[PDB]
Amino acid sequence: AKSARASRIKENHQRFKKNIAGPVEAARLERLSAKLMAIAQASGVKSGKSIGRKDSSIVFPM
Amino acid sequence: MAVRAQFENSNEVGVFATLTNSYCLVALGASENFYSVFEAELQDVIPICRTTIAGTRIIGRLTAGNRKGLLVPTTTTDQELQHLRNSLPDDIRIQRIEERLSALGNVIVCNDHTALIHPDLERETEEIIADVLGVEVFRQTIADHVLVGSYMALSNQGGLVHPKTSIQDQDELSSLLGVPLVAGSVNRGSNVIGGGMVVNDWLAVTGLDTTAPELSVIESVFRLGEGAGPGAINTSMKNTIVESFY
Amino acid sequence: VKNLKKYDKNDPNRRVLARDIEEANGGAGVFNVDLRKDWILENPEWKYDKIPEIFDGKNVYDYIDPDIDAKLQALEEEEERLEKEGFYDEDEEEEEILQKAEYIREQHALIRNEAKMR
Amino acid sequence: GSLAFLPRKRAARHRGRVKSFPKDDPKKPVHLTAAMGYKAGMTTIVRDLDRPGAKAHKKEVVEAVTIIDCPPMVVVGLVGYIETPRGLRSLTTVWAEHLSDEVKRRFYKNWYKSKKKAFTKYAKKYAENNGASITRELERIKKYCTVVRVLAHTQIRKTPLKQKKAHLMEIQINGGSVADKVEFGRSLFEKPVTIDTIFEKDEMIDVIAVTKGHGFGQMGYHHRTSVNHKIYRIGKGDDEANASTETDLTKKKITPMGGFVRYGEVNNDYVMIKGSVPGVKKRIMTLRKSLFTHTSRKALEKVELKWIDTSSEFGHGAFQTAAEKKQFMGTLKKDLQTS
Amino acid sequence: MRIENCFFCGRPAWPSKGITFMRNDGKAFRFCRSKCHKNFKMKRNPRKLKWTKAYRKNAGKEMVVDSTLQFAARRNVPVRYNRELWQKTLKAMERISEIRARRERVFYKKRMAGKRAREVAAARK
Amino acid sequence: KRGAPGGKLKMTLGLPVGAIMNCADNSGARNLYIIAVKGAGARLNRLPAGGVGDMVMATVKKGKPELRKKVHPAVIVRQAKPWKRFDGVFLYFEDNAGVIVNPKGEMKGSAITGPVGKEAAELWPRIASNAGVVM
Amino acid sequence: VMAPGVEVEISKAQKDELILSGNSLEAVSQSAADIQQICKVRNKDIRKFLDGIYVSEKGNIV
RNA sequence: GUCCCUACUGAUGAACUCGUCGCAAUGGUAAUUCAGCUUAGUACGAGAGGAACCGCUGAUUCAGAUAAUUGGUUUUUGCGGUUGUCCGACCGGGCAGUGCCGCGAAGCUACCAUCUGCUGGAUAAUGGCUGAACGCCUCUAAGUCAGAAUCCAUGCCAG
Ligand SMILES: [Zn+2]
């Protein structure tokens, strides 16, 4: 019998993944994402927009 | 009209199918080749139902009935009964019976006029069959084989019996049934006529291993494929039979 | 049967046929067959309806019975006759005598406990 | 045995870790990957099978399923990771206001004698106009990170357990830009997320657990990641008819008669999953999505239930409801003496 | 699907519960528990064992002659589908259920109506 | 062609190699003796066994003397060891019983004494024809 | 799938023939060899089964 | 006719303030074979006979879990029955290194039960494309395509 790691078996699995399971999982993902999205929406230095520093080594200490 | 078919790759048609003058039951499995052959030969003239009996594909050997009724064994479940009732018109009475011998298709052979039953059925079952089918029920063994349902195929135009039935047994059976009987074989020497064939007044479906001489015999006995097919064909062109089945 | 037409696979306008529909709608282990398509019913929309089967430990198919409304009305009529008949009508010294008997039993149990004690 | 699982060793942690999240691309919509739950037990179902080509096609098949109680998870954090030549590095993390007592107990070891001083300075940071600092961390996650995860914890107080310490883990957000997923997490702060939203009915998923110890060298307490298990149902808990199907009209819950043995009653959202699952009852379970798109028809099947067993698990039981038992039985000496 | 009744004890045998025994003459026995199975195999009479509904029916511990019980029987003649017909049927199921419970209460009460007189006489003694 | 049935599901095997069996057909043998199982897999010291509907090779030990001490293929129709069917029903028969069958799948006899297993009836169409009771 | 820059047509000048043209000789030839290799018979008699897609003519568009 | 040292492998462990959440160097690595349906009584064939690719469903072995169900095990000495002897008899019990027997939960178990076992790249033989050597030619020299259960990794176990 052909192994689980056979190239032809992998090509068949890729075709199946692209043709049926892909669309089905995309549809379910859209539904769940919509639900979770609905559940979710159920000066620089003193504002935070300017990202600054908070509060062994890679280089040899001089 | 005689045709050849197989369920999946098996020549036994009567095991997986039951054909009468008013309905057809087909075992449900995998593809739709068997159902397609049956419908192409019966283009919606009578209902055809994809059914399972007791969760099996042997519906042909587990169901017995004629144009006026259908009987199922006590093991068949209520959903299967509902399926049968919803697929079959009201002009057909369906009933489930508590027979000890569950293989109704193996113990009962019934046309629209007569039924031949295993001699060991119960009294209640005998007259309940007489009630539901509205036929005359006789107890008899053919060729010393007690399973008439598997060893004989019967119609309103004829009847094919075990190849090794004696002439006395054959003419006695002809006298009781009222239709001609001929001892012949189905599916290249197989003796299970009922298990290898379903036949009605205008259709026969046998296996793919059924040879041409015995197919011609079948057509002549059941008067199929228009033509003549009285059985007089069998008597007249005896050379083919004596050469092939010598 | 006599007004029928032979099926021929080379014919252009044949019948649709189950092999052709399953090959168009999938394959052999892919096509799903609808077993209710041939269901002949009173109302055509009643197909694809889910059959009740069990209702609190008892079987709907065992209790299903054509012409059951008359039997039901007869059942409530019998119930009515029954309560009006009275089939359902529910019907200190004894209490203190029972209390004294219980106290005597308790004392006997204490005496037996002491007897097993010594 | 298999040299893949050998040297055999106890699991370093009781919770069990994912070790691999599904590969992420921006095209898909924004979603969470994993979830948590507590194993309650197993029950028996039947299924109107619609598997073409099988011997049991259009027939009724009895299968064993497992129940995982899944109370809603609370989101309390957002972690940003970056890619480096040494691998993934947790660049930053941002916590929310009002951490629950259960997650604080998770942080503490001796919670009873401690002065519970955890995350107080973080709360002061949020509330005292250091929202500049909070937004600075958020924008750092916005512009430097590649993969983003959400810190989530369960509700032990809702799970009928003697424990009081919650389980915290990171659930990765997939399907979107880093900006979109960071905004999504910040919106999810201080909100409950539901198992019917993370997963749905008819979806083969992965269950991560620690096997049952078989001691009184190591047999059991072994970390396992079991793949491809079809979720058969998601029950609402408050539906009052979780165990009901469209074929039987019995108003009953998933909890068996007398309660689950050694676990209790399931009064929350639950998941009914086909087959066996690693781990004992009441053990923490990790539920994640398959890393790859499926290759089987079994994955695209639609599960039509017929009935769910609610008989007693504590012995040979035979009644689905106490009402069924009392209808089969009638009245007793105790009932008439009380009445 | 159907709910079977145990041959030995008569308790509701739900699917995936107990063992079925097939003998050669053609009858099947569905047992709901290992207790019932082992007792049948060791050949005790269910009519004699006091924990069986068969024994109760023999000894008159159960209501056995009543129309609300005659309402239920094994069906062998299928009936064509009707939505309103199962709807009114389900409403029936509920009606018959409560009626059976209430009749059984009355049957139990008219069985042991007289207990207080015996107890008070024994207490007087 | 090896008599290994196709489409057979998993069920418990309770009749190992060298097993005494009742004979259910009218062929002239009363008992059979399983010596080998078709389709078996040779493991370390593992005894092959067969369930209802599995072809084996059996030798007759008692019966009609003309057929006695002869070896024939057989397929087993009744098994006392309990096993479960996919409807969740665990079931068992009273004894162990089979019927003599040629390698193609045809019976030598003409009738079967007692019930026939559903699995055997489904796998072998001839047994379904020669069967009177199917459970 | 063809290499980019390759045009494939079923020309109505002869039946059962295809024309694969382009700018790059390497791409055109590799594409033709790709179809020829993908239509290869397996486990049959080479002398008996004569089915496939074969390069018949080689040349320039102009 | 002359209990120790070290290796394997779990399980602990001091030093870095304790704790929570993680990364992943490196090490290990896993799936295997057969059958059935469709293709199809089709291609092919005088006949006899008779495939394969795609798709679908199972089974063997191996591996990892699990106890809904169904069997099995009883120091639960849980309930019931029973032998010898003893407490003046009954009840209730002791002794026979657990007297014997029937059922027996919970636990534990069992291919005697049930569930699960996953995808990318580079290649060997070999088949090619363009094209010199060598004005023909050539799969090779420069360049390059494909292809084995092979190899390297992901999935998996350890950290
Ligand atoms: Zn029972």
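The residue numbering used throughout counts from 1 along each chain in the order its sequence is written. It may not match the entry numbering, and residues with no coordinates are not shown. Chains carry letters and ligands carry numbers; both start at the beginning, A for chains and 1 for ligands, and go up in the order they are written. Any value reported refers to the chains on display, which are one part of a larger assembly. As a rule here, side-chain values come from all non-hydrogen atoms in the structure, and water together with hydrogens is ignored.

The deposited coordinates for this entry were obtained by cryo-EM, with a reported resolution of 3.1 Å.

Quick word on the protein's contact with RNA strand H
Neighbouring RNA strand H are 119 residues, the closest being A:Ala1, B:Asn9, C:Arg19, D:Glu170 and F:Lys10. The sugar-phosphate share of atoms of RNA strand H within 4 Å of the protein amounts to 88%. One nitrogen or oxygen atom from the side chain of D:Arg297 is found 2.9 Å from a phosphate oxygen belonging to RNA strand H. Distance and chemistry together define a polar contact, namely a pair of N or O atoms within 3.5 Å, with one atom able to donate a hydrogen and the other to accept it when in protein, and with adjacent residues in sequence counting only for side-chain atoms on both sides. Within the side chain of F:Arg43, an N or O atom sits 2.6 Å from a phosphate oxygen of RNA strand H. Labels follow the DSSP assignment, with helices taken as runs of H or I lasting at least four residues and strands as runs of E lasting at least two, numbered in each case from the N terminus. Ranked by the residues each element gives to the surface near RNA strand H, the list is headed by helix α1 (residues 7-40) of chain A, at ten residues. When we say a residue is near a molecule or strand, we mean one of its heavy atoms is within 4 Å of it.

A look at empty space enclosed by the protein
Unfilled space is identified by rolling a water-sized probe across the atoms. Residues and elements named next belong to chain B. The space that makes up the largest cavity amounts to roughly 350 Å³. Elements that contribute at least two residues to the lining of the largest cavity include exactly β2 (17-19), α3 (59-62), β5 (64-66), β8 (108-110), β11 (152-154) and β14 (197-200). No other element matches β14, which puts four residues into the lining of the largest cavity. Tallied by class, the residues present in the lining of the largest cavity amount to twelve nonpolar, 14 polar and three charged. In this analysis, the protein atoms alone were mapped onto a 1 Å grid. Cavities are point sets where a 1.4 Å probe fits without being able to get out; pockets are open sets with protein on both sides within 12 Å along at least five of seven lines; lining residues have an atom within 4 Å of a point. Grid points are joined across faces, edges and corners, and a volume is the space filled by probe spheres set on the points. The residue classification treats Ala, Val, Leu, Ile, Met, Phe, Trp, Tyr, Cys and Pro as nonpolar and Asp, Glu, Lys and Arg as charged. All others, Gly included, are polar.

With respect to the pattern of salt bridges
For this analysis, a salt bridge means a side-chain nitrogen from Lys or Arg found within 4 Å of a carboxyl oxygen belonging to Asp or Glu. This model, assessed by the stated rule, comprises 64 salt bridges over all chains. One salt bridge in this structure joins C:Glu79 and E:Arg103, with 2.4 Å as the shortest N-O distance. Here C:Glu79, found in helix α3 (residues 69-85), pairs with E:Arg103, found in helix α4 (residues 83-111), and the two come from separate chains. Each residue is placed in one exposure class: buried if its accessible area under a 1.4 Å probe, protein chains only, is under 20% of its type's maximum, exposed if it is over 50%, and partly exposed if it falls in between. Exposure remark for E:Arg103: the relative accessible area of 5% places this residue in the buried category. One salt bridge connects F:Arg126 with F:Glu106, and the closest N-O pair in it is separated by 2.9 Å. Of this pair, F:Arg126 sits in helix α2 (residues 125-130) while F:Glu106 sits in the loop between β9 (97-100) and β10 (115-116), and the two are 20 residues apart along the sequence. You can call F:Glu106 partly exposed: its relative accessible area is 34%. One salt-bridge network, held together by shared partners, links A:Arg28, A:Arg31, D:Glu200, D:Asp202, D:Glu203 and D:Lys289.

Regarding the nonpolar core
Definition used in this section: a nonpolar core is a set of buried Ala, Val, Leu, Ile, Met, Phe, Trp, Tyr and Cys residues joined via side-chain atoms within 4.5 Å. With 93 residues, the main nonpolar core has B:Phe38, B:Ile108, B:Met152, F:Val99 and F:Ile127 as its most contacted residues. Listed in part, the 78 residues of the second largest apolar core include D:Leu32, D:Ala152, D:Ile234 and D:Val277.

Overview of the UniProt feature "binding site: Mg(2+) 2" (unreviewed entry) in chain F
All names here are of chain F. Under the UniProt annotation, the feature "binding site: Mg(2+) 2" (unreviewed entry) is placed at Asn45. Its location among the elements puts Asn45 in the loop between β3 (29-37) and β4 (49-50). You can call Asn45 exposed: its relative accessible area is 71%. UniProt positions are given in the numbering used here, feature names are shortened, and annotations may be inferred rather than shown by experiment.

Examining the coordination of the zinc ion
Listed donors are limited to N, O and S atoms within 2.8 Å of the metal, widened to 3.2 Å for Na, K and Ca; water is not among them, so incomplete-looking sites are possible. At 2.3 Å from the zinc ion lie its protein donor atoms, namely E:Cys32 (SG) and E:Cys36 (SG). The same class applies to E:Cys32 and to E:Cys36, which are both buried.

Here's the deal with the pairing of strand β2 (residues 35-48) of chain D
Two faces, one strand: in a regular strand the side chains alternate between the faces of the sheet. All names here are of chain D. Taking burial as the measure, the 14 residues of β2 include twelve buried ones, the bulk of the element. Across four bridges, β2 lies against strand β12 (residues 284-289) in antiparallel orientation. The residue bridging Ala35 from the neighbouring strand is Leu287, located in β12. Should DSSP find at least two bridges between two strands, the strands are taken to pair. As defined by bridge partners, β2 adjoins strand β3 (residues 60-69) across ten bridges and the pair is classed as antiparallel.

Remarks on a positive patch on the surface
To count toward a patch, a residue needs a relative accessible area over 30% and no salt bridge; like charges are then connected within 9 Å, while nonpolar side chains (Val, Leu, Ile, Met, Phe, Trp, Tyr) are connected within 5 Å. Here, Shrake-Rupley sampling with a 1.4 Å probe gives the accessible areas, and only protein chains in the shown set may cover a residue. Under the counting rule used here, the positive set is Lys and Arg, the negative set is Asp and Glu, and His together with the chain ends is not counted. A single reference atom marks each charge: NZ on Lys, CZ on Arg, CG on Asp, CD on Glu. A cluster of basic residues, D:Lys162, D:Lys164, D:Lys212, D:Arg262 and D:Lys282, forms a positive patch at the surface. Within the secondary structure layout, D:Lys282 lies in the loop between β11 (270-274) and β12.

Remarks on the side chain of B:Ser87
With respect to the element layout, B:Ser87 can be found in helix α4 (residues 78-87). Taking relative accessible area as the criterion, B:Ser87 reaches 6% and is therefore assigned buried. From its side chain, B:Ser87 meets the backbone oxygen of B:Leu84 in a polar contact 3.1 Å long. When residues no more than four places from it in sequence are discounted, the contact partners of B:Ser87 are B:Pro47, B:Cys49, C:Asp38 and C:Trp39. Here a residue-residue contact requires only that any non-hydrogen atoms of the pair lie within 4.5 Å.

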